[PDB]
Amino acid sequence: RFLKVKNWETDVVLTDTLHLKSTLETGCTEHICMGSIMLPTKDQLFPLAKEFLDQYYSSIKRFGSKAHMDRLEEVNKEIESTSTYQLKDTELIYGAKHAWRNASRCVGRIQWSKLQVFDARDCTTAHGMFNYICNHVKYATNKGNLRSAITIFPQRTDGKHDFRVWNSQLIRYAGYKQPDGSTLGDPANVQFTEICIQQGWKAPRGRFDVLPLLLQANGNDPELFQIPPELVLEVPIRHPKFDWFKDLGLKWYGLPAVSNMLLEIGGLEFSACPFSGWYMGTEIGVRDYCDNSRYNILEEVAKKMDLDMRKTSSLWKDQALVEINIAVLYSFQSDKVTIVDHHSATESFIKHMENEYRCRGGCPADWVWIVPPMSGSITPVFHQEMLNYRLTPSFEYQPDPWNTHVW
Amino acid sequence: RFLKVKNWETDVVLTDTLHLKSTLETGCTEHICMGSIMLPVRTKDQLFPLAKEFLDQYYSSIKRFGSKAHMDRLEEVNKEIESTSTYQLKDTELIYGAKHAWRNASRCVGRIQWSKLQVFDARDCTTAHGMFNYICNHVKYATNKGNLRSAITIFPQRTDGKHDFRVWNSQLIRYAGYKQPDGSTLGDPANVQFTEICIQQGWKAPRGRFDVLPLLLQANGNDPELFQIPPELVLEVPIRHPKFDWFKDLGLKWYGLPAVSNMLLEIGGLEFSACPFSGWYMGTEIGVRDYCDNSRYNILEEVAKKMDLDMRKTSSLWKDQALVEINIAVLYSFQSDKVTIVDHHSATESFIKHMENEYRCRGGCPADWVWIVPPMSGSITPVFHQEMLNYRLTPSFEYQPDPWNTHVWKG
Ligand code: HEM
Ligand code: HEM
Ligand SMILES: CCN(CCc1ccc(NC(=N)c2cccs2)cc1)Cc1cccc(NC(=N)c2cccs2)c1
Ligand SMILES: CCN(CCc1ccc(NC(=N)c2cccs2)cc1)Cc1cccc(NC(=N)c2cccs2)c1
Ligand SMILES: C[C@H](O)[C@H](O)[C@H]1CNc2nc(N)[nH]c(=O)c2N1
Ligand SMILES: C[C@H](O)[C@H](O)[C@H]1CNc2nc(N)[nH]c(=O)c2N1
Ligand SMILES: [Br-]
Ligand SMILES: [Br-]
Ligand SMILES: [Zn+2]
């Protein structure tokens with residue numbers, strides 16, 4: 001019930017107690033482990049509200065103070081009366097930072113406390129949402145010196161008035177199914193690209209077309225908007241040894257910004273909460289570029305490198321993978337856009353885990369996601385045992401809005 | 001209840017009913033997942049249910065379920081248990097049993113091969129010399145001059161837990177490790193403790209970087225004894241690279257037969273505490289883990305210096321570059337010397353075909369993702385994109401404590 005995690009490379013043992021706060025469920029049982037599965041009223045509200053306010057007042061060392069009790073009473077009255085409640089700004093910021101803190105799939109959490117929070121709970125229209133988003137994009141990009149931020153739109157009410165950003169990220173490239181049977185651009189986004197097209201977006205039909213924003217305020221039909229191109233920092237992909245690399249015509253965007261998740265603070269649901277930090281190199285170089293169902297470029301790169309593609313045992317895929325990833329890192333660095341390599345990031349995350357064990361009594365962590373998708377065992381996180389469990393405040397998945405929305 | 005797993009590259013969705021037969025516990029609850037934790041005498045009482053269930057499975061597999069032959073076996077095992085407190089497996093049931101423990105091994109990527117396993121029955125063995133003899137035959141049969149064949153050798157089962165058969169070595173063939181006075185290690189650091197026990201026990205150590213350890217063998221609960229495997233029986237492969245001629249000069253080699261000797265085989269409640277098994281290597285076991293773990297041979301820096309890579313910053317991916325070259329070298333060397341080896345692309349693809357087949361014919365395939373995904377190039381192997389259900393079936397291979405931790409010394 002008090003649990004140990006061993007690092008097998010260093011022999012460091014940490015004891016976890018934080019897990020006994022865990023509220024939500026895992027998907028696992030005594031009989032079956034689901035560790036590798038991607039997707040495992042008033043009466044409900046006050047327990048959640050109290051639990052949250054309890055940890056908040058404890059975090060500022062006012063647990064059991066009149067001010068703590070007072071607020072608990074105030075929120076309680078508000079629920080009884082209104083059937084919801086409003087977070088004070090301080091609680092909103094704390095809620096947000098802690099949802100990041102608690103994200104067991106995020107390797108980048110050593111940074112969790114420095115999050116910039118933009119309160120957009122006063123927003124009412126998709127145009128308003130567009131303005132808030134552009135401000136977020138500009139603030140976060142910061143000419144390439146990227147800064148973490150989240151923008152928080154109004155919370156769910158009756159569920160027929162949801163704020164949603166339909167995009168999966170604020171900045172992503174379009175995907176077009178072609179007569180040839182194949183795909184141009186990013187195949188991950190073919191469906192959303194079609195929803196933009198049927199909405200009225202004139203598509204340049206290129207390999208790297210920045211998608212429009214499809215923004216939904218107060219449960220209305222969503223509206224198209226183009227992000228000013230001056231706000232979208234992009235990096236041309238070259239290699240520091242291979243001259244021909246640039247001829248592949250590869251680029252990526254500097255700002256990863258997740259816009260389809262749901263933020264839960266003290267029972268309150270924020271269905272539009274775009275957040276952004278910066279890239280770990282492998283996301284682009286391993287996953288975006290090399291996934292068979294993404295840009296899938298390994299074949300082409302291997303050719304240009306003139307490697308023996310006749311047998312899998314030459315490790316030509318492996319060779320090409322490394323080079324592609326050297327180039328991503330090299331390009332971002334050359335252009336002065338913040339990026340982290342998988343070595344540095346996993347080293348940080350070990351140091352973060354340590355702090356959290358010492359300061360919090362633990363750190364929920366999902367090994368399957370935390371281990372980078374290349375060179376697993378030569379990064380320290382591979383050798384590190386991790387306990388995975390669900391703490392609130394949290395980010396959660398929610399269905400793609402077009403399966404839900406009533407037009 | 002039906003459980004679905006999805007492959008996110010192909011959208012193939014499979015359905016699992018086999019987890020329904022899962023008895024043992026995972027280490028997880030509804031509130032915690034322990035999916036990355038490395039390690040998460042029986043009385044008459046619990047023995048007969050374990051026996052029955054196993055014999056029910058065995059007789060189902062041979063399409064004799066509910067037969068006269070089935071019923072009589074059940075009754076005979078039952079009589080034998082309560083009379084003697086244990087029971088003896090028939091040859092056919094032992095064979096079926098060992099094969100299933102491999103089939104059920106959720107951490108094993110090489111399971112496509114499960115039905116071709118040579119079972120050697122060493123239950124008539126009584127002494128350490130007898131064990132040495134069975135193990136040589138095993139090593140020679142499995143080696144097969146480089147055309148590796150899977151085999152397991154099964155020594156007598158546990159009785160009162162005071163007469164255990166054990167192989168003290170963790171693999172039959174493995175290199176010594178020697179902690180030096182300056183705090184450095186010579187040879188394989190994973191094997192320092194076992195190496196010191198061998199020295200204590202009287203092994204005169206050559207003290208090089210690649211000394212094949214002697215066998216330390218425990219028969220019948222007696223103090224273990226030392227034996228050297230005939231060198232002519234130990235197939236080894238010098239490691240060279242197909243383009244970098246200085247690679248050979250690093251002085252690396254590895255042995256060709258990987259043979260695990262420290263696990264416990266459980267069949268119908270019976271515990272076989274010495275059951276060495278062998279197959280062949282996936283290249284990354286040597287190239288990634290044995291060569292490049294910081295706590296093992298740790299050659300990344302020396303390799304990368306020799307390749308004159310930029311070592312001043314990790315974002316040069318010097319480590320990742322060196323790692324690929326080492327792994328090419330490992331596979332090239334084995335293939336050139338005609339020693340069976342499999343690369344991680346080829347073995348993960350076979351595993352996915354194995355797994356789909358297992359779903360269709362068997363109704364499932366317990367698989368531990370943390371273990372199945374290779375320790376380099378994860379997402380360019382199809383297993384990374386495969387969802388897996390992990391659960392424990394019997395027969396099974398289990399961990400057991402190192403014998404020096406439990407053994408009662410006689411003198
Ligand atoms: C500061 C730089 C950051 C780095 C380098 C970083 C790194 C990562 C990486 C590599 C993933 C895996 C993504 C994937 O494979 O799809 C991830 C997942 C996640 N990150 Fe972080 N992160 C950072 C900042 C943040 C911030 C600011 C938040 C929220 C405020 C956050 C919340 C999450 C969540 C919720 C997931 C899981 C997404 C999912 O389950 O689909 N990240 N992060
Ligand atoms: C045919 C050749 C084989 C290949 C290429 C293969 C591949 C592997 C690999 C790569 C591992 C992970 C080892 C590690 O990281 O420590 C493994 C684990 C395992 N394999 Fe297989 N294997 C093969 C044959 C067999 C045989 C014949 C058995 C037993 C009959 C077996 C049972 C297991 C077990 C019990 C584990 C888990 C070890 C542990 O949990 O510590 N393997 N196998
Ligand atoms: C919610 C989407 N996440 C990725 C979220 C994400 C988080 C982090 C990053 N990278 C970053 N560096 C940051 C982004 C924001 C701050 S840091 C990028 C993306 C991927 C995901 C998770 C679970 C399931 C799926 N499902 C799917 N792949 C599909 C849906 C439909 C067809 S396939 C995708
Ligand atoms: C029981 C030993 N296994 C390795 C077993 C193994 C299985 C398979 C192979 N490789 C093969 N290809 C085959 C061997 C036999 C048939 S196939 C090699 C080894 C490793 C292990 C498992 C669980 C805990 C530990 N604990 C440990 N002591 C450590 C691990 C790392 C640093 S210390 C070790
Ligand atoms: C099936 C498996 O759960 C799935 O492919 C996971 C594995 N690990 C991952 N890890 C990260 N960081 N991101 C991912 O999308 C995935 N996908
Ligand atoms: C902590 C973690 O579970 C541990 O390092 C595991 C990870 N995956 C592994 N996978 C395999 N095949 N072999 C291993 O030794 C390990 N080690
Ligand atoms: Br980071
Ligand atoms: Br195989
Ligand atoms: Zn689990």
Side-chain angles (χ1 to χ4, degrees), chain A residues 5-10 12 27 33-40 103-108 188 280 282-283 286-288 291 293-294 342 345-346 349-350 365-374 376-388, chain B residues 5-10 12 27 33-40 105-114 116 148 150 190 279-285 288-290 293 295-296 340-354 367-376 378-379 381-390:
Chain A
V5 283
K6 181 173 182 166
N7 182 293
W8 286 86
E9 184 209 313
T10 52
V12 175
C33 179
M34 289 207 165
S36 77
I37 310 285
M38 293 220 74
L39 317 166
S104 77
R105 288 180 168 177
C106 175
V107 69
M280 178 167 70
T282 48
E283 289 184 73
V286 184
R287 303 301 313 281
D288 295 333
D291 272 8
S293 59
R294 298 285 307 287
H342 53 289
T346 57
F349 179 81
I350 290 295
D366 179 348
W367 197 97
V368 167
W369 274 63
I370 303 284
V371 178
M374 73 176 282
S377 69
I378 63 158
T379 65
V381 290
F382 185 90
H383 305 270
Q384 176 65 61
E385 300 182 340
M386 302 173 185
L387 287 164
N388 187 208
Chain B
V5 298
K6 174 176 179 174
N7 186 291
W8 289 85
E9 195 153 64
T10 59
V12 179
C33 175
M34 302 223 306
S36 68
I37 302 308
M38 192 101 83
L39 324 156
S106 76
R107 302 184 159 174
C108 178
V109 81
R111 284 177 280 169
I112 195 168
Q113 295 289 350
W114 77 268
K116 295 108 192 214
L148 271 36
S150 303
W280 50 82
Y281 269 116
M282 177 161 82
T284 55
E285 300 183 73
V288 188
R289 307 298 316 280
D290 300 323
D293 274 3
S295 317
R296 304 286 311 284
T340 308
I341 190 157
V342 67
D343 70 80
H344 52 285
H345 300 296
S346 160
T348 56
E349 193 186 4
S350 294
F351 183 82
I352 288 289
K353 301 160 173 189
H354 172 63
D368 173 355
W369 197 99
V370 168
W371 272 64
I372 298 299
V373 175
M376 70 180 290
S379 82
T381 74
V383 292
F384 182 95
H385 309 267
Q386 181 66 54
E387 286 184 348
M388 296 171 200
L389 284 171
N390 192 203

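Here is how names work: the chains are called A, B, and so on, in the same order as the sequence lines, proteins then strands, and each is numbered from 1. Side chains included, hydrogens not; waters and symmetry mates left out as well; all remaining heavy atoms used. Whatever order the structure lists them in is the order used to number ligands and atoms, beginning at 1.
By the 6.0 Å contact criterion, CD on B:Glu349 is open, its count of non-hydrogen atoms from other residues, nucleotides or ligands being 12 or less.
Shown here are the side chain to side chain donor-acceptor pair (under 3.5 Å) partners of A:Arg294, two or more places apart in sequence or in another chain: A:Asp186, A:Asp288. With sequence neighbours excluded, no residue satisfies salt bridge (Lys or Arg N to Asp or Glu O under 4.0 Å) with B:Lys116. Residues passing the side-chain contact (heavy atoms from CB on, under 4.5 Å) test with A:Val368 are A:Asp366, B:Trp369, B:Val370, sequence neighbours excluded.
With contacts defined as side-chain heavy-atom distances shorter than 4.5 Å, the pair B:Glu387/A:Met38 qualifies. A:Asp291 is listed as a side-chain neighbour of B:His385, based on a closest heavy-atom distance under 4.5 Å.
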Less than 3.5 Å apart, N/O on ligand 5 and N/O on the protein: could you list those pairs with the distances?
unit_1: ligand 5; atom_1: 3 (O); unit_2: A:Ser36; atom_2: O; d: 2.5
unit_1: ligand 5; atom_1: 5 (O); unit_2: B:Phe384; atom_2: O; d: 2.7
unit_1: ligand 5; atom_1: 8 (N); unit_2: A:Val368; atom_2: O; d: 3.0
unit_1: ligand 5; atom_1: 12 (N); unit_2: A:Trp369; atom_2: O; d: 3.1
unit_1: ligand 5; atom_1: 15 (O); unit_2: A:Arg287; atom_2: NH1; d: 3.3

